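Participant: Provided herewith is a single structure, encoded as structure tokens, for subsequent inquiry.
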Amino acid sequence: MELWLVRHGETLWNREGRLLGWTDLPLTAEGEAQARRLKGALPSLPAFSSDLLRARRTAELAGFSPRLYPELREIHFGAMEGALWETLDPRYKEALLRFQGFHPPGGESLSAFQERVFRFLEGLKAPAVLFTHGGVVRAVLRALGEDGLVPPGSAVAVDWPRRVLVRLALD
């Protein structure tokens, strides 16, 4: 089933390299610019969005009026929220890089994150545009056997749960 996953525009922590999860940061000026560039580049399909500010605002600037679902939220980093990637302990960096076995204190385990995301995708009844987060797009891409990193404000269309159709990056 055709689904378009959109990574929200940049926030300050994306520039600073800090783990951004449920911290409700706003888009930067550049992030809003990136969101506007998406308007007209995405198909006219029903839309869904994470309820976090940066995602909702991206959907709005991209010309959509999405139905909100917390299930589309980025992973909850708990006590690691805001931690600099640079300073992340080796076993944590690798855990995140290999995308396997991770459960920060006060947060969500990667397993719970995946279950939440995939259960949501399974429930979709028709093609749609999903405004969501980097970690969500990465979970989906990795499950499809591909590199899960995409630029902020970019999108990826997939035939769920089979393959990636296209990666759309705008400048």
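All residue names refer to the structure tokens as shown: chains lettered A, B, ... in order, residues numbered from 1 in each chain, ligands numbered from 1 in order.
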Can you pull out every residue from chain A that DSSP, working from the backbone, puts in helix (DSSP H, G or I), and format the result as a PyMOL selection string?
Facilitator: chain A and resi 12-16+29-38+53-61+70-72+78-80+90-98+110-123+134-143
Participant: So which residues touch residue 125 of chain A within 12 Å, counting only C-alpha atoms, skipping near sequence neighbours fewer than 3 positions away, as a list in words?
Facilitator: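 Close residues of residue 125 of chain A: residues 1, 2, 3, 46, 120, 121, 122, 128 and 160 of chain A.
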Participant: Store the residues of this selection in a file with N, CA, C and O atoms, as a short mmCIF file (atom, residue, chain, number, x, y, z; two decimals), in the first residue's frame.
Facilitator:
```
data_model
loop_
_atom_site.label_atom_id
_atom_site.label_comp_id
_atom_site.auth_asym_id
_atom_site.auth_seq_id
_atom_site.Cartn_x
_atom_site.Cartn_y
_atom_site.Cartn_z
N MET A 1 0.82 -1.21 0.00
CA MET A 1 0.00 0.00 0.00
C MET A 1 0.86 1.27 0.00
O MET A 1 1.79 1.43 0.78
N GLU A 2 0.54 2.17 -0.94
CA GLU A 2 1.35 3.38 -1.09
C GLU A 2 1.22 4.31 0.12
O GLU A 2 0.15 4.82 0.43
N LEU A 3 2.33 4.55 0.79
CA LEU A 3 2.37 5.46 1.93
C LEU A 3 3.54 6.41 1.76
O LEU A 3 4.64 5.99 1.38
N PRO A 46 -5.21 11.36 1.83
CA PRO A 46 -5.59 11.60 3.22
C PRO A 46 -4.28 11.74 4.00
O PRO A 46 -3.27 11.15 3.61
N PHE A 120 0.39 0.75 13.68
CA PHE A 120 -0.29 1.88 13.07
C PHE A 120 -0.33 1.75 11.55
O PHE A 120 -1.38 1.96 10.93
N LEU A 121 0.80 1.40 10.95
CA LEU A 121 0.86 1.26 9.50
C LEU A 121 -0.06 0.14 9.01
O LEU A 121 -0.72 0.29 7.98
N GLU A 122 -0.11 -0.95 9.76
CA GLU A 122 -0.95 -2.10 9.39
C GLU A 122 -2.43 -1.68 9.37
O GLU A 122 -3.20 -2.15 8.54
N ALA A 128 -1.90 7.08 1.97
CA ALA A 128 -1.92 8.31 2.76
C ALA A 128 -0.54 8.92 2.90
O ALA A 128 0.46 8.28 2.61
N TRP A 160 4.04 -0.39 1.40
CA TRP A 160 4.07 -1.13 2.66
C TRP A 160 3.25 -2.42 2.60
O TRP A 160 2.13 -2.46 2.10
#
```
Participant: Near residue 104 of chain A, counting only C-alpha atoms, which residues have an atom at most 8 Å away, once you skip same-chain residues fewer than 5 positions from it, shown as a count of residues only?
Facilitator: 5
Participant: Pick the closest to residue 4 of chain A from A:81, A:159, A:108, A:171: which is it, counting only C-alpha atoms?
Facilitator: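 Going through A:81, A:159, A:108, A:171 one by one, the smallest distance to residue 4 of chain A is for A:159.
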Participant: Considering only strand (DSSP E or B) as DSSP defines it on the backbone, what residues of segment 1-169 of chain A qualify? List them as a list in words.
Facilitator: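 For segment 1-169 of chain A, the strand (DSSP E or B) set is residues 2, 3, 4, 5, 6, 7, 18, 47, 48, 49, 67, 68, 84, 128, 129, 130, 131, 132, 155, 156, 157, 158, 159, 163, 164, 165, 166, 167 and 168 of chain A.
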Participant: Got a sec: who's within 12 Å of residue 14 of chain A, counting only C-alpha atoms, leaving out chain neighbours fewer than 3 positions off, as a list in words?
Facilitator: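 Using only C-alpha atoms, the neighbours found are residues 7, 8, 9, 10, 11, 17, 18, 19, 20, 21, 25, 26, 27, 28, 30, 31, 54, 82, 83, 84, 85, 133, 134, 151, 152 and 153 of chain A.
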Participant: May I have the selected residues written with C-alpha atoms, as a short mmCIF file (atom, residue, chain, number, x, y, z; two decimals), in the first residue's frame?
Facilitator:
```cif
data_model
loop_
_atom_site.label_atom_id
_atom_site.label_comp_id
_atom_site.auth_asym_id
_atom_site.auth_seq_id
_atom_site.Cartn_x
_atom_site.Cartn_y
_atom_site.Cartn_z
CA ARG A 7 10.38 13.61 8.11
CA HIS A 8 9.51 16.96 9.70
CA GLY A 9 11.63 20.03 9.03
CA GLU A 10 14.64 20.81 11.19
CA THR A 11 14.58 22.01 14.79
CA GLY A 17 23.01 16.93 17.20
CA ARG A 18 20.99 16.15 20.33
CA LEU A 19 18.68 13.15 20.70
CA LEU A 20 15.22 14.52 19.95
CA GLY A 21 12.27 12.42 21.02
CA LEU A 25 10.57 21.60 19.98
CA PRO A 26 9.31 24.05 17.35
CA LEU A 27 10.63 24.17 13.80
CA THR A 28 13.41 26.65 13.05
CA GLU A 30 14.75 26.85 7.90
CA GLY A 31 12.51 24.01 9.06
CA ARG A 54 7.19 20.05 14.67
CA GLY A 82 18.57 15.98 24.65
CA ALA A 83 21.81 14.04 24.97
CA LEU A 84 24.51 14.97 22.46
CA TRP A 85 25.12 12.19 19.98
CA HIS A 133 9.89 11.76 12.64
CA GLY A 134 13.37 10.64 11.60
CA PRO A 151 17.16 14.59 5.33
CA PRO A 152 14.84 16.71 7.50
CA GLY A 153 11.90 17.94 5.45
#
```
Participant: Return the single residue from A:24, A:147, A:51, A:32 that is closest to residue 99 of chain A, with distances computed using only C-alpha atoms.
Facilitator: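 For residue 99 of chain A, the nearest of the candidates is A:147.
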Participant: What separation in Å, quoted to one decimal, exists between atom CA of residue 76 of chain A and atom CA of residue 115 of chain A?
Facilitator: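 Atom CA of residue 76 of chain A sits 13.4 Å away from atom CA of residue 115 of chain A.
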Participant: Calculate how many Å separate atom CA of residue 117 of chain A from atom CA of residue 87 of chain A, rounding to one decimal.
Facilitator: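 For atom CA of residue 117 of chain A relative to atom CA of residue 87 of chain A, the distance reads 27.8 Å.
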Participant: Which residues are close to residue 156 of chain A, i.e. within 10 Å by only C-alpha atoms, leaving aside same-chain residues fewer than 2 positions away? Reply as a list in words.
Facilitator: residues 3, 4, 5, 6, 7, 129, 130, 137, 140, 141, 150, 154, 158, 164, 165, 166, 167, 168 and 169 of chain A
Participant: Report, in Å to a single decimal, how far apart atom CA of residue 88 of chain A and atom CA of residue 155 of chain A are.
Facilitator: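 Distance reported for this atom pair: 27.5 Å.
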